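# Results of the structural survey
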Amino acid sequence: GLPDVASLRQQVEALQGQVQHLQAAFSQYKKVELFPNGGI
Amino acid sequence: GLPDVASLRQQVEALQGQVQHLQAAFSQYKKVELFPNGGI
Amino acid sequence: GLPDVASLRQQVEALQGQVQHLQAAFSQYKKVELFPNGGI
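Residues numbered from 1 in each chain as written, not as in the entry; some residues may be left out. Chains lettered and ligands numbered in written order. Heavy atoms only, no water.

Glancing now at the relation of the copies chain A and chain B. The second copy of the chain is related to the first by a rotation about an axis and a shift along the axis. The transformation that overlays chain A on chain B combines an axial shift of 0.0 Å with a rotation of 120°, and the residual RMSD is 0.0 Å. Taken together, the rotation and translation describe the operation of a three-fold axis. Across chain A, the rotation axis passes nearest the C-alpha of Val 19 of chain A, at a separation of 3.8 Å. (Least-squares fit on C-alpha atoms.)

This is the structure in structure tokens:
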């Protein structure tokens, strides 16, 4: 129905909420690969 | 057209599919920064 | 209004732009957990 149409919009805000907090956590993991392990 | 309108909804389900499997993989990388390298 | 309706579509393309570049960066961090630290 109509309400659900606009309700998919809030579900869409939810989807962007997931990507934003994933970029959030990612900020830490972002500076994780720069000094990795190597050699023997 | 109309069909494409609803087809953009399946495309949005695709977008959430990407973020969900990215959070999936992330679960592993999520416990990656806690014991990083350091010192000299 | 109508314009804003379609404007939410471009905002939606923005959302997929975030997840695509996050998968981009993630490709590097993806091969980060395979040789982590361990032991004493």
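The next point concerns the UniProt feature "coiled-coil region" in chain A. Listed under "coiled-coil region" in the UniProt record, and renumbered for this structure, are residues 4–33 of chain A. From the first C-alpha to the last, residues 4–33 of chain A spans 43 Å; its make-up is 90% helix and 0% strand. (UniProt positions renumbered as here; feature names shortened; annotations may be inferred. Helix = DSSP H or I, 4+ residues; strand = E, 2+ residues; numbered from the N terminus.)

This brings us to the interface of chain A and chain B. Counting from both sides, the interface comprises 16 residues of chain A and, opposite them, 13 residues of chain B. Across the interface of chain A and chain B, roughly 1200 Å² is buried in total on both sides, 67% from carbon and sulfur atoms. Together, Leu 15, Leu 22 and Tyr 29 of chain A form the three largest contributors to the area buried by chain A at its contact with chain B, with a combined 46%. Linking chain A with chain B are one salt bridge. Residue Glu 33 of chain B is joined to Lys 31 of chain A by a salt bridge in which the shortest nitrogen-to-oxygen separation is 2.7 Å. Counting across the chain A and chain B interface gives five residue pairs in polar contact. In terms of residue class, the side of chain A that touches chain B is built from 10 nonpolar, four polar and two charged. (Contact = heavy atoms within 4.5 Å. Buried area = accessible area lost by both parts, 1.4 Å probe. Salt bridge = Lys/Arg side-chain N within 4 Å of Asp/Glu carboxyl O. Polar contact = N/O pair within 3.5 Å; in protein donor to acceptor, adjacent residues only side chain to side chain. Nonpolar A, V, L, I, M, F, W, Y, C, P; charged D, E, K, R; others polar.)

The next subject is helix α1 (residues 2–30) of chain C. Helix length check: α1 of chain C (29 residues) gives 41 Å between terminal C-alpha atoms against 42 Å at 1.5 Å per residue, within 8%. The sharpest bend along α1 of chain C measures roughly 25° and falls at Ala 24 of chain C. Packed against the buried residues of α1 of chain C are α1 (2–30) of chain A together with α1 (2–30) of chain B. (Expected span 1.5 Å × (residues − 1). Bend = angle between axes of the 7 residues up to and from the residue.)

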